[PDB]
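A.B. asks:
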Amino acid sequence: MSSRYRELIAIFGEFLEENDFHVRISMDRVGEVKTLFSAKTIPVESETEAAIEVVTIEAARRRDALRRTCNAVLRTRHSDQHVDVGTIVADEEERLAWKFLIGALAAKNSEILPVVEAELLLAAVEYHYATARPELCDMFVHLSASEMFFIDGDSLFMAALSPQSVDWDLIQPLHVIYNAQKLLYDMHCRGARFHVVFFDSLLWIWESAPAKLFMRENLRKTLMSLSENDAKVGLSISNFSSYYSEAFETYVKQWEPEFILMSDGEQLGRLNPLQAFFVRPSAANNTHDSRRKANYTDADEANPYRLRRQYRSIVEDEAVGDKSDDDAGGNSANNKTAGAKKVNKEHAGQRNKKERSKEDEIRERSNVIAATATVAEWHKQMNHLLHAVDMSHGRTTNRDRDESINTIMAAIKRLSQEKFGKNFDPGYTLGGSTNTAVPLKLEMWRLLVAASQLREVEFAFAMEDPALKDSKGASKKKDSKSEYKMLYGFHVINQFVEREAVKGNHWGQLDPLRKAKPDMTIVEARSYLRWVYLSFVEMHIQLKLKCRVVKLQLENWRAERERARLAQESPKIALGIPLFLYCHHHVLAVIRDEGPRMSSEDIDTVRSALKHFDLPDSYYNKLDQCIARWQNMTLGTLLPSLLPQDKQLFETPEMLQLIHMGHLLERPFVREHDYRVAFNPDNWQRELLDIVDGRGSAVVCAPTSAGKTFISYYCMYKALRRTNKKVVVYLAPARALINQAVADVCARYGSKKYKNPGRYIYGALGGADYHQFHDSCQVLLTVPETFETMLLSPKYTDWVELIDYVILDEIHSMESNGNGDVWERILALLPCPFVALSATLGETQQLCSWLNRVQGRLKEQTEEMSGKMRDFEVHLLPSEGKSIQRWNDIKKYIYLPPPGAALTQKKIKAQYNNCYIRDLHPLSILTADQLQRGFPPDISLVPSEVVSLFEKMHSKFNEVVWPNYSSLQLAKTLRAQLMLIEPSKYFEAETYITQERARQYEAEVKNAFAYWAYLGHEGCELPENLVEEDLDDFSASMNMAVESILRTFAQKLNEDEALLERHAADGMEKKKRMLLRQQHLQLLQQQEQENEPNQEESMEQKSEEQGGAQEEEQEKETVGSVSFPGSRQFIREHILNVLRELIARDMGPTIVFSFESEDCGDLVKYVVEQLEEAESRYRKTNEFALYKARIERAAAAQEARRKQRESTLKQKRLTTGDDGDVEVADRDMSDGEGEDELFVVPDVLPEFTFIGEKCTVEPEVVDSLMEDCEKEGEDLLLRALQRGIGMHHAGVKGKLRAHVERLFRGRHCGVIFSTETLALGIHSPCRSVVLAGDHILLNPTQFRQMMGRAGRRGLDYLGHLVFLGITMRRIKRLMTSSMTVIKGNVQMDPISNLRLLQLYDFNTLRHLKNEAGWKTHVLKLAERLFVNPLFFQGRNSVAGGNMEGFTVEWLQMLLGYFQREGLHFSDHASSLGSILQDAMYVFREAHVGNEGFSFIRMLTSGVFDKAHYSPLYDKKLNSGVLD
Ligand SMILES: Nc1ncnc2c1ncn2[C@@H]1O[C@H](COP(=O)(O)OP(=O)(O)O)[C@@H](O)[C@H]1O
Ligand SMILES: [Mg+2]
């Protein structure tokens, strides 16, 4: 204590004038010191914001750095002999150390500068390397790689020469370079990179030990790759130099966006040569792009590094370099607890979320086989019956056909009051109230059609397809009128007439042939014929009301074009489109249908509008013509164009067809499909269903919005409807937890009754419901591990055989970010037909082979009986294709504020963009990318992507004329394609609108674009020239050709992708660097103000030295001090404003994605803050004073009327006698009870456009959910929720979080803040998707779940993904990447094989008989396991291929290692144990061959005959650690 603080002063004063300690008593010029440190290195003060936090943020982790810079300065400022002495400050020696400094700084003012500045710039680069703790990632695989990756070789060489950590193996006499080859052959072989290696050198700095052992490898790999190929040689390398140094490597580094792999440091130090000149690149990188650094650790695959932490800018200098618990709880405490709670389980799940509809379920009980008999027990002639049976129970005819006709009454009565309507007068618009009406009315009579305008007569069969037609046209042709039907409706009498006629055969022999004759004029002959009259009443009734829409759309669309024609241009066709698409929707009905005239109705109305709408003739004759076949069964021909019947043009900048294509998003989607069992839905089902109806395997790819999961509950429909005794199973995306709520909710579209326990669903292990209820039920819901144990697991075997049928979710999403071993196990083993669920998988074939294989192996094992029928595995893509990414397009447009703005913003105010969302147009459309990648995901959309791109492509690959497309047939090889892409884009579904088949154009024109790129920017490498067949390939003009189309790429391309994330992204960083530098113009100048020249013994200024310098901007504020792009909590300031403007472009619900957990809470908090603020800014007597006035005044008056009536009623008194004249009290009591008139002060306007506009759910329950939360209040969810801020994150109770989710789906709330889970095993409606940060992890894996999100189910036309969007480039590295592709793991695992061992040897324990059954089950099991054998990455390991057996060399080593081991249990004295010798009594007889050569079942037979037994105790207790 004392002694050490007597010491340190005596070291100091020797250097320079004695005492610091009292020369001066303070100083106090601290102020000099503190400037000098921080303006380089960080650590001086414990920097305080509002407050320092827990004071181990900057006690512990500060005082390292603080007393580092302290010591390492003073030791260097002790020079004049020694830098050989250490200076270490204690506590009270901090102040001392500073007094020692300040009185040395102003002592000389020359020597001081280098010994500080240099020491600083050294130590800074030391700390920058040390900035750190590290990460553990993981493996290599995730970011290793698409794309441009480098490793600079110097590093490469030292990676081979790296090891102790095992002294180097294999005796070789300095041929070592095999190392390089090995690593190359690892990560190209089963990875991508696109790899580049620099050799960035002479770095070296060798000898530190005799070398080199350099240029050997340099010249080697040079020669290898520049052979040109050899299939072992390629990577590829460049030259350069100049050492490290940038101003060389810049031009490269920019152009091909990458990330980096490099080796600072072990050891071998020496000091300055290594650490210095490697570290400083790292800094450089981070203050360019920013890129990031890895490695030199122990890769292949996973390593270190460092990231996404904020940098010190600038700081540089090159100047080195240099030349029982399931049981007993059911007994003790079960006196009354209370009396069971379980009643609080079932109830919860049975009130749980409502969303979707139904198909048939009722209680069933029976086991069904088919056979019927007389059971009377004869009749045995027909003359023993004569006449047999008659009408009775015929009341099912009587009433039902009365009711039928009573429809046509009501229908045409409702028609009456409508048809005349508000009869039209030219010109008034929009007026016209009944514009609204007919659209509603239409929907009504569509809802109604099922069972009270069509059948009470069965349908029946739905026949074969033409039957509906040919039995219709007949009926009309007997009746005098062309279109029979509605006017004078009811005509079921002349039906009966006709039906009796045509005697021999009743209806003539055509139709009863195809029906396989049922009833002659009895049941079926009536039931059918009825229903085909009758659909065609309903049909024509509606069809007329569709006419009446497109009819009066004429009028509303008149002045819409014409008034605005004068304006500048001639519109509306960007708003005039619904005319056309309505006229489409109308005539869309005809698909089987008899025309409803053309002399009144449909066609006449359509025609008048259509030639008025601009369309010159030619389009005319395509209309009637094609549809003529459809019409006919009815109609004649066509009017001439002559004789008033056309109208004014806009046309030609358009032409006909084009008018559609430019303006609109969204097309039909025609049903017709399956009508007994159905949804309808939209083809995918019409394939999928037929598999499960077999029984089988398969999987469905489906890129999301995807529809995937819900279609699996045909399994549950089968096992429930019919002989319920078999389990259906749904296996989760796993634990935690997300599966559970959805799984539960689905299955409770229809519970079902039983006898004594019985019971419907058991779950678990979880994170809800939680461990047990295990067993009894029909259908299950667990996770991989739970199910596994339940299988092997020897007492649960009973269950296994009763499982038909097992489906398990997600697929791709789990495969990547898991845990993608456990999967393989459960598709190798034991009964099922399976459905399985995946979004996109880029490798086809590879998947399907593995599957189909292991199906055939199951079939094999079940022999000789085989299966009942199926195996086989099917594999649904089957290809245009795409599923519900065809359904709607998703625009991506991204966040970037205009540099320099205000913030807060808020409400009841003018607004525009401003908003940071802008446009985008997908990042990169390029020359270089297209060569390799041509043309990658994610892109699709039309129109306005590839539409006007055509106009470019078609004007400049054809107008070349003709400079080197003339060698060889190149020019025509292109022009044979180009021209033809235009008709194929339209005339798939000509006449009205293309199907949805404007999609197909994208794939068409992908043959245009990518093909050119496979000529390209590169020479003869692609297409690869010399091969005889003609495109090129035998042109030496290939080079020329390549560079003719090189020109023809760039010119058109870069206009469209218009560089938003470059332009103002650099603007923001420009602002950042005018912001940061203004901080150094504060402190520098301020140091002179702190002392002031109101002081000091030098010439007076009287404080004319004050303020900043020297090129001057008004002092430091922008969008904030801390603007600070790509940084955290940047973000929040603008997120409020993003939101508010998305409500005031989009209108839908809004999800916000983030990383869970502290972060998500910080976000929520800040927004609640802002709103509470703005409420304080309304209530303080601005507009508010006026508002409250009214509401207060009128309330008074209300409650005074209460007292008014209370007076006049309280009279006093009827008097008509005496002399008072007439009066009777109380005669007026007609008024009245009134409520509530208002009072508000919780919240008004600033929160009321923040939360959703339109909503649902009666207020009672909403309030009561809030009420619950309030009691146990966690986050103060009670505050956040009611202010519109949804949440869903960890650290929230199950009851509370559950309340949130209902109210987002209920469309009560407007926003929600949560993590990535809500796109996975939970679901919500979305429209504007918001993403906060690109940190700390993304793969295109967990991107593409949220990518296709929005475009809601039958609702929204557009998804919107707004990115934040921290980095500059990484948009590209999400989008432009091709595909998340399978690449699994296994069985080879020790633990698996130990489990299998002990399973077999448990039945070996006392009690054999069943030995037979057991062992042959073990044979089957042994085959079933190791099914291929050998799965995915295991053939890239040590086997090759597909090999196995292979258990032998492991087995034997483990065999004499199981039980030798001392007392075992534990270290306590014998007995327990004394057995330690059992593993020598099985070794010799298992090493006969080593057991002992090829073929599966000789392995396990060899292992029938171990023992392989522990002392009992140990190996059991291994197996029971795991479970
Ligand atoms: N064939 C269909 N036609 C129209 N809407 C459908 C159809 N099938 C499903 N939907 C709807 O779309 C919604 C989203 O589909 P969904 O199956 O939940 O998602 P996922 O792709 O995650 O499996 C469902 O909630 C349902 O409303
Ligand atoms: Mg799903």
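PDB author numbering puts the sequence shown at residues 1 to 323, 668 to 1867. We put the CB at the ideal spot given by N, CA and C, even for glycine.
If you follow the beta strand (DSSP E) that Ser1672 is in, where does it begin and where does it stop?
C.D. replies: Position 1328 of the sequence shown, counted from the first residue, corresponds to residue 1672. Looking at the DSSP string, the run of the beta strand (DSSP E) that includes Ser1672 is 1672–1675.
A.B. asks: Where are the alpha helix (DSSP H) runs, 4 residues long or more, that stay fully inside the stretch 1227–1301, in chain order?
C.D. replies: 1272–1277, 1291–1297, all fully within the stretch 1227–1301.
A.B. asks: So what's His884 in DSSP terms, helix, strand or just coil?
C.D. replies: On the sequence shown, position 540 is the one that residue 884 refers to. Helix, per DSSP.
A.B. asks: Ligand 1 and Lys763: does the residue's C-beta get closer than 7 Å to at least one heavy atom of that ligand?
C.D. replies: Within the sequence shown, residue 763 is the residue found at index 419, counting from 1. Incorrect: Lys763 has no Cβ contact closer than 7 Å to ligand 1.
A.B. asks: What separation, rounded to the nearest whole angstrom, lies between the Cα atoms of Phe1054 and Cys1090?
C.D. replies: Numbered from its first residue, the sequence shown carries residue 1054 at position 710. Numbered from its first residue, the sequence shown carries residue 1090 at position 746. Rounded to whole angstroms, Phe1054 to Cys1090 spans 8 Å at the Cα level.
A.B. asks: From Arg758, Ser1284, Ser1781, pick the residue whose C-alpha is nearest to that of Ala1347; which is it?
C.D. replies: Counting from one through the sequence shown, the residue named residue 1347 turns up at place 1003. Residue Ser1284 is the option with its Cα nearest to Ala1347.
A.B. asks: Could you tell me if the beta carbon of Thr1184 falls within a distance shorter than 7 Å of some heavy atom in ligand 2?
C.D. replies: For the purposes of this step, residue 1184 is identified with residue 840 of the sequence shown, where counting begins at 1. False, no ligand heavy atom lies under 7 Å from that Cβ.
A.B. asks: Please tell me whether, using a cut-off of 7 Å, the distance from the CB of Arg1103 to the nearest non-hydrogen atom of ligand 1 is below it.
C.D. replies: The residue given as residue 1103 occupies position 759 in the sequence shown. Answer for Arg1103: no, Cβ out of range of ligand 1.
A.B. asks: So, at 6 Å on beta carbons, what are the nonlocal neighbours of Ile1535 in its own chain, with the 5 sequence-adjacent residues on each side left out?
C.D. replies: In the sequence shown, the residue the question calls residue 1535 occupies position 1191. So the qualifying residues of the chain are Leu1582.
A.B. asks: Between which two residues does the alpha helix (DSSP H) holding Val1865 run?
C.D. replies: Locating residue 1865 in the sequence shown gives position 1521, where the first residue counts as 1. First-last of the alpha helix (DSSP H) with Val1865: 1857–1866.
A.B. asks: What first and last residue would you give for the alpha helix (DSSP H) that runs through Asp1142?
C.D. replies: Position 798 of the sequence shown holds residue 1142. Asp1142 -> alpha helix (DSSP H) spans 1141–1144.
A.B. asks: If we count the other Cβ atoms within 10 Å of its Cβ and call it buried at 16 or more, is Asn1163 buried or exposed?
C.D. replies: Position 819 of the sequence shown holds residue 1163. Flag for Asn1163 reads exposed.
A.B. asks: CB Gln975 to CB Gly939, shorter than 8 Å?
C.D. replies: On the sequence shown, residue 975 is found 631 positions in, with the first residue counted as 1. On the sequence shown, residue 939 is found 595 positions in, with the first residue counted as 1. In this structure, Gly939 lies closer than 8 Å to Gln975 by Cβ.
A.B. asks: Check whether the Cβ atoms of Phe1594 and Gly1654 lie closer than 8 Å to each other.
C.D. replies: Locating residue 1594 in the sequence shown gives position 1250, counting from the first residue. Locating residue 1654 in the sequence shown gives position 1310, counting from the first residue. Cβ atoms of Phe1594 and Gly1654: closer than 8 Å.
A.B. asks: What did DSSP end up calling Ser1041 once you bin it into helix, strand or coil?
C.D. replies: As a position in the sequence shown, residue 1041 is number 697, starting the count at 1. In the structure shown, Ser1041 sits in a strand (DSSP, three-state: E or B).
A.B. asks: What residue range is occupied by the uninterrupted alpha helix (DSSP H) comprising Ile112?
C.D. replies: Counting from one through the sequence shown, the residue named residue 112 turns up at place 112. Here the alpha helix (DSSP H) through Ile112 covers 112–129.
A.B. asks: Using CA atoms only, rank isn't needed, just tell me which of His1361, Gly1360, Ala1380 is closest to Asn1369.
C.D. replies: Walking along the sequence shown from the start, residue 1369 turns up at place 1025. Minimum Cα distance to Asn1369 is reached at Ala1380.
A.B. asks: Taking only runs of the alpha helix (DSSP H) that begin and end inside the stretch 926–978, which ones reach a length of at least 4 residues, in chain order?
C.D. replies: Complete alpha helix (DSSP H) runs here, min 4: 947–954, 963–975.
A.B. asks: Indicate the three-state DSSP secondary structure (helix, strand or coil) for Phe198 in the structure shown.
C.D. replies: Here residue 198 refers to the residue found at position 198 when the sequence shown is read from its first residue. Three-state result, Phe198: strand.
A.B. asks: Output the distance between the C-alpha atoms of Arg1537 and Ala1544, rounded to the nearest integer angstrom.
C.D. replies: Here the question's residue 1537 lines up with position 1193 in the sequence shown. Here the question's residue 1544 lines up with position 1200 in the sequence shown. If I take the Cα positions, the gap works out to 11 Å.
A.B. asks: Could you give the DSSP three-state label for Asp152: helix, strand or coil?
C.D. replies: Numbered from its first residue, the sequence shown carries residue 152 at position 152. If DSSP states are grouped into helix, strand and coil, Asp152 belongs with the strands.
A.B. asks: On the three-state DSSP scale, how would you describe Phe37?
C.D. replies: Here the question's residue 37 lines up with position 37 in the sequence shown. In this structure, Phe37 counts as helix in the three-state DSSP scheme.
A.B. asks: Which of the three DSSP states, helix, strand or coil, is assigned to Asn295?
C.D. replies: Position 295 of the sequence shown, counted from the first residue, corresponds to residue 295. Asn295: strand per DSSP, three-state reduction.
A.B. asks: Throw me the rounded Cβ distance for the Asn1232 and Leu1702 pair, which I believe falls under 8 Å.
C.D. replies: Translated into the one-based positions of the sequence shown, residue 1232 becomes position 888. Translated into the one-based positions of the sequence shown, residue 1702 becomes position 1358. Right, the Cβ-Cβ distance comes to about 6 Å (below 8 Å), so this counts as a contact.
A.B. asks: Specify the secondary structure class of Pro1669 as computed by DSSP and reduced to three states.
C.D. replies: Numbered from its first residue, the sequence shown carries residue 1669 at position 1325. Looking at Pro1669 - three-state DSSP - the assignment turns out to be coil, as it is neither helix nor strand.
A.B. asks: Is any heavy atom of ligand 1 found at a distance shorter than 7 Å from the C-beta of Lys697?
C.D. replies: Here residue 697 refers to the residue found at position 353 of the sequence shown. Outside the cutoff, so no.
A.B. asks: On the CB-based measure, 16 or more other CB atoms within 10 Å of its CB, does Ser1818 come out buried or exposed?
C.D. replies: What you label residue 1818 is simply residue 1474 of the sequence shown in a count that begins at 1. Around the beta-carbon of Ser1818, fewer than 16 other beta-carbon atoms lie within 10 Å, marking it exposed.
A.B. asks: Which residues does DSSP pair with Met262 in a beta bridge?
C.D. replies: Counted from its first residue, the sequence shown places residue 262 at position 262. According to DSSP, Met262 bridges with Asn295.
A.B. asks: Between the C-alpha atoms of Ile1238 and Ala124, what's the straight-line distance to the nearest angstrom?
C.D. replies: Against the sequence shown, residue 1238 aligns to sequence position 894. Against the sequence shown, residue 124 aligns to sequence position 124. Their backbone Cα atoms lie some 37 Å apart in a straight line.
A.B. asks: Kindly indicate which three-state DSSP category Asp1088 falls into: helix, strand or coil?
C.D. replies: Start at 1 with the first residue of the sequence shown, and residue 1088 comes out as number 744. Of the three classes helix, strand and coil, the one that applies to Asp1088 here is helix, per DSSP.
A.B. asks: In three-state DSSP terms, what is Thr1494?
C.D. replies: Along the sequence shown, one-based indexing puts residue 1494 at 1150. Note: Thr1494 maps to strand in three-state DSSP.
A.B. asks: If you check the beta carbons only, do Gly1107 and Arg1079 fall under 8 Å apart?
C.D. replies: To locate residue 1107, count along the sequence shown from 1; it is residue 763. To locate residue 1079, count along the sequence shown from 1; it is residue 735. No; because the gap between Cβ atoms is not below 8 Å, this pair is not in contact.
A.B. asks: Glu1217 bridges to which residues according to DSSP?
C.D. replies: Numbered from 1 along the sequence shown, position 873 holds the residue referred to as residue 1217. DSSP lists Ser1041 as partners of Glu1217.
A.B. asks: So what's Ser238 in DSSP terms, helix, strand or just coil?
C.D. replies: Reading the sequence shown from its first residue, position 238 is the one you call residue 238. Of the three classes helix, strand and coil, the one that applies to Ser238 here is strand, per DSSP.
A.B. asks: Near residue 428, what residues of its chain come up, given a Cβ to Cβ distance below 6 Å and the 5 sequence neighbours on each side ignored?
C.D. replies: Within the chain, residue numbering steps from 323 directly to 668, and residue 428 belongs to the interval with no atoms modelled.
A.B. asks: With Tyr243 and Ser201 assumed to form a contact (beta carbons below 8 Å), what rounded beta-carbon distance in angstroms separates them?
C.D. replies: As a working mapping, residue 243 is identified with position 243 in the sequence shown. As a working mapping, residue 201 is identified with position 201 in the sequence shown. The pair is a contact, with the Cβ atoms about 7 Å apart (cut-off 8 Å).
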